[PDB]
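Below: the structure, in structure tokens.
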Ligand SMILES: [Ca+2]
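Residue numbers (the entry's author numbering), protein chains in the order written: chain L, 1 to 211; chain H, 1 to 215.
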């Protein structure tokens, strides 16, 4: 099979600047196809036959190359272009795909909006107690969350989840969930989520008293 | 102009088989093909094979020999892929994609989960603020806990709230998934107006609504 190797695997691009990504084939091919996959969507053919734009694709996208070396270029990076791009060849049986280039865009630093939520009365009756902390709409993506119960750090029992870069405002969000037993929840009073992020020298603290 | 509707997500026992379908909406295409593609772990794509419903041969990828069988129903032109002797390695999203010269249309994907675990619907809990906070905006949430298999889909006010929504990827812990969703709205719109999270879990045929009420 013809193996496709893409570069770079991931990249952060300045808004309005040219972006180039490449696809190298193990053998020559006549044409290369490119696909865009945005968060939570199916892949969509984006450029076909090396240089032809799919329906609806804007003019800032182009494709070039020949033989074993192909490129996809964006003349001016826009927020909506944040996505993963895959190359795809139809010469060999079987057809193959490259591993993808994940493209993100730069923007101004933004502090997370932090919200903490006590367990719902509904959950507590089941014998579980989840305290949920959302850290929303921050940039850059690097962030750390620390839990404290009565001033003491709790590391175990935490579920974290992170969104991909938003297509509209180019930020990131995170959810952190600390799940205790109901009985252990009722033994302590103070619950706190602390966000460490480059936008502040001190962490953003949200807390509540079980009351 | 054409849309592909794939069959729904599947939970399959190890060793069993499953047949998934892909039907294109009304068209007059002649020499079109339908390709099947596996996406593992939300990342790498593999071409499984293809068919030419208006009679052409079938393309196969030898990596999937004895694993995938592709057919087409002549009557409806519905395309089918049967996956055989399933293992956890076969858990993935499977896409169908229609190609006709300079146009292409992909289905929405079918998530196949191979597991001996049974279906468990989520417990859906409303997340309202605690003692207080007070800004121009207020953030509310919904915790969707302890379900299996994926997927679930979350909406807020049946789609009328969207721009302020963040629904987070599910995480698997001890054989059950949990996810959360947050929505941020002006403080003047809640609690004065209703905010409700809508959580659908196709595997249990459930569509659960939870109104967020002040504590
Ligand atoms: Ca037909």
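We treat Cβ as the ideally placed atom computed from N, Cα and C, and that holds for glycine.
Secondary structure at residue 61(H): coil, using DSSP grouped into helix, strand and coil. Interface residue (Cβ-Cβ distance to chain H less than 7 Å): residue 120(L) is classified as such.
Distance check between residue 187(L) and each of 150(L), 204(L), 70(L) and 197(L) places 150(L) closest, using alpha-carbon atoms only. Neighbours of residue 44(L) across chain H, judged by C-beta separation under 7 Å: 106. CA-to-CA, the gap between residue 206(L) and residue 112(L) works out to about 12 Å.
Secondary structure note for residue 45(L): its beta strand (DSSP E) is the uninterrupted segment 44-48. For residue 138(L), not one C-beta of chain H is nearer than 7 Å to its own C-beta. Under the DSSP definition of a beta bridge, residue 186(H) partners with 137(H). Among the residues of the segment 45-77 of chain H, those with a Cβ less than 9 Å away from any Cβ of chain L are 45, 46, 47, 48, 49, 50, 59, 60, 61, 62, 63 and 64, in the order of the chain.
Contact of residue 168(H) with chain L by beta-carbon distance below 7 Å involves 161, 163 and 175. Annotation: Cβ neighbours of residue 126(H) in chain L (cutoff 7 Å, chain order): 120.
The DSSP-derived three-state label of residue 165(L) is coil. Our two residues, residue 40(L) and residue 173(L), have alpha carbons roughly 15 Å apart in a direct line.
At a cut-off of 7 Å between beta carbons, residue 132(L) contacts chain H. The Cβ of residue 123(L) sits closer than 7 Å to at least one Cβ of chain H. Apart from the 5 residues on each side of it in sequence, residue 108(H) sits with its Cβ closer than 7 Å to the Cβ of 6 in its chain, given in chain order. Residue 98(L) places its beta carbon less than 7 Å from that of residue 4(L).
Two segments are said to touch when three or more pairs of C-beta atoms, one from each, lie closer than 8 Å; by this definition the segment 175-195 of chain L touches the segment 123-140 of chain L. Per the coordinates, the alpha-carbon of residue 175(L) lies some 29 Å from the alpha-carbon of residue 44(L).
Assignment of residue 128(L) by DSSP, reduced to helix, strand and coil, places it in the strand class. Ligand 1 approaches residue 77(H) closely enough that one of its heavy atoms is under 6 Å from the residue's Cβ. Against chain H, a Cβ distance below 7 Å from residue 208(L) picks out 130 and 131.
Not flagged as an interface residue toward chain H: residue 200(L), since no C-beta distance is shorter than 7 Å. The beta carbon of residue 27(L) sits closer than 6 Å to the beta carbons of 2 from its chain, once the five residues preceding and following it are set aside; these are given in chain order. Non-local C-beta neighbours of residue 158(H) in its own chain, meaning closer than 7 Å and more than five positions away in sequence, comprise 198, ordered along the chain. Collapsing the DSSP output to three states places residue 159(H) in a helix. At a Cβ-Cβ threshold of 7 Å, residue 92(H) and residue 40(H) count as neighbours.
Between residue 156(H) and residue 138(H), the beta carbon gap of about 13 Å keeps them out of contact (Cβ cut-off 8 Å).
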